[PDB]
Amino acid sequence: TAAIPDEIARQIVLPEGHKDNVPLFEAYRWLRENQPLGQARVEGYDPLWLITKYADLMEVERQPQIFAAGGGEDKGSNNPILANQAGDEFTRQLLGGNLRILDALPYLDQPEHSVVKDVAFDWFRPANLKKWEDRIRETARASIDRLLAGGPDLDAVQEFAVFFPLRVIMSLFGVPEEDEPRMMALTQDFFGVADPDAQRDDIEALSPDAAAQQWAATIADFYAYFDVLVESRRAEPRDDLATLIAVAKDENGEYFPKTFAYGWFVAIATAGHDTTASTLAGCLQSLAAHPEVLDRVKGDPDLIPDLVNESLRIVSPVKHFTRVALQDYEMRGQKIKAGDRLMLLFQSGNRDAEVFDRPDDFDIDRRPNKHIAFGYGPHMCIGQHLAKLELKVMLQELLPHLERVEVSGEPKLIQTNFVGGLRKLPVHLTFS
């Protein structure tokens, strides 16, 4: 019944707690082994049930009528992305009493979530993505040509891994190549709200609500950009994902409000590339630690999907979403009360020893690989099949050209409790 001990709680709740994976994952592990379902009571944050166990992540996510993302009928009464209390108070001042700062899927509950998700559900299905595979492969090959041309010493993140997923999504989305640097800069602002090296110049960086001010400022910039794109595609439809979303109409034949398109566009323009980049960079880091794995996958390219799945499990770049209990609920001998918030720790679920043998080992021979890196339930990642296709295609084209990866300098992670992973991975590559 006791609260989680303060230093374990802070390690997971505070963005600074995620600056180094070793103490973070040790805190995950301490909870899974000693307090698998406890409440973190960190100063400046609401109390949070920390959902650390794989089974409990599934139990919560499969019950959206009990555990809401946005607050149920009181729309925007829960922030699905953990802000501090001061930040949620900033947002309630900005919006007028609620936290629904985007109309994007994470903020929605059923049935609204189901209606909006159905706009793009079919586009994202694996069979409907096959038509993009050749364009993806041409983009991978061009990115690899530049890697070979630039020589063996580089930052595998900022000088390689970031560009391929961004070009893929912007090409499919319909954003011109000259706008990629702007989308990359706003993505860094968006996922860097609490990172000391990613602060915007137009917000008070040291204010208690700084991250929330940066989140809002970045969204306003994305809205200004996407307003032009929505109007453009409504006026002149094209065969791109921007058009599918911009022209979408509800069951009465009326356009969805423009903010619904902007929500899709923010998600596609940020998570649509950043997570794939993180997973690719994490894969390279693991191939440096496990050179026998690189040798094996060059020997059998049919192992590439297994390598992708184990990179997703280990990297798990999307760290959490929050839920709120709409009624009292008992789980794992604990009494969650109506109104209590939950933090879904996907990275911890992915290390649960009840599910994965030697969960901290990089083992591509987990078959099936039961990872929960894409979450679960009706909110399960819509982009999962595009991410797995892009990572497969890039590795099929890249690994033949790599004999060895060496990490030659200190890796750096984005300091976030939300969408993280590497921002820097200095390497020495040996080309074949």
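All residue numbers refer to positions in the sequence shown, first residue = 1.
Enquirer: So, looking at the entry's B-factor column for Cα atoms, which has the higher mean, 353-361 or 263-271?
Expert: According to the PDB entry, the answer is 353-361.
Enquirer: If you average the Cα B factors in the entry, which is higher, 334-342 or 231-239?
Expert: Of 334-342 and 231-239, the stretch with the higher C-alpha B-factor average is 231-239.
Enquirer: Considering only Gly96, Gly192, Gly72, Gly299, which residue's Cα atom bears the greatest B-factor as recorded?
Expert: Highest C-alpha B-factor among the listed residues goes to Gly299.
Enquirer: Which has the highest CA B-factor per the PDB entry: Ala325, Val293, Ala210, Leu186?
Expert: Of the options given, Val293 has the highest CA B-factor in the PDB entry.
Enquirer: Thinking about Cα B factors across the chain, which third does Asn309 belong to?
Expert: Within its chain, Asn309 is a middle-third residue by C-alpha B-factor, going by the deposited values.
Enquirer: Taking the values exactly as deposited, rank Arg367 by C-alpha B-factor within its chain and report the matching third: lowest, middle or highest.
Expert: Highest third.
Enquirer: Name the third of the chain's ranked CA B-factors that contains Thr416, choosing lowest, middle or highest.
Expert: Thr416: CA B-factor falls in the lowest third of its chain.
Enquirer: What third of the chain, by the recorded C-alpha B-factor, contains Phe90?
Expert: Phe90: CA B-factor falls in the lowest third of its chain.
Enquirer: Ranking every modelled residue in this chain by its Cα temperature factor as given in the entry, which third contains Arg404?
Expert: According to the entry, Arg404 has a C-alpha B-factor in the chain's highest third.
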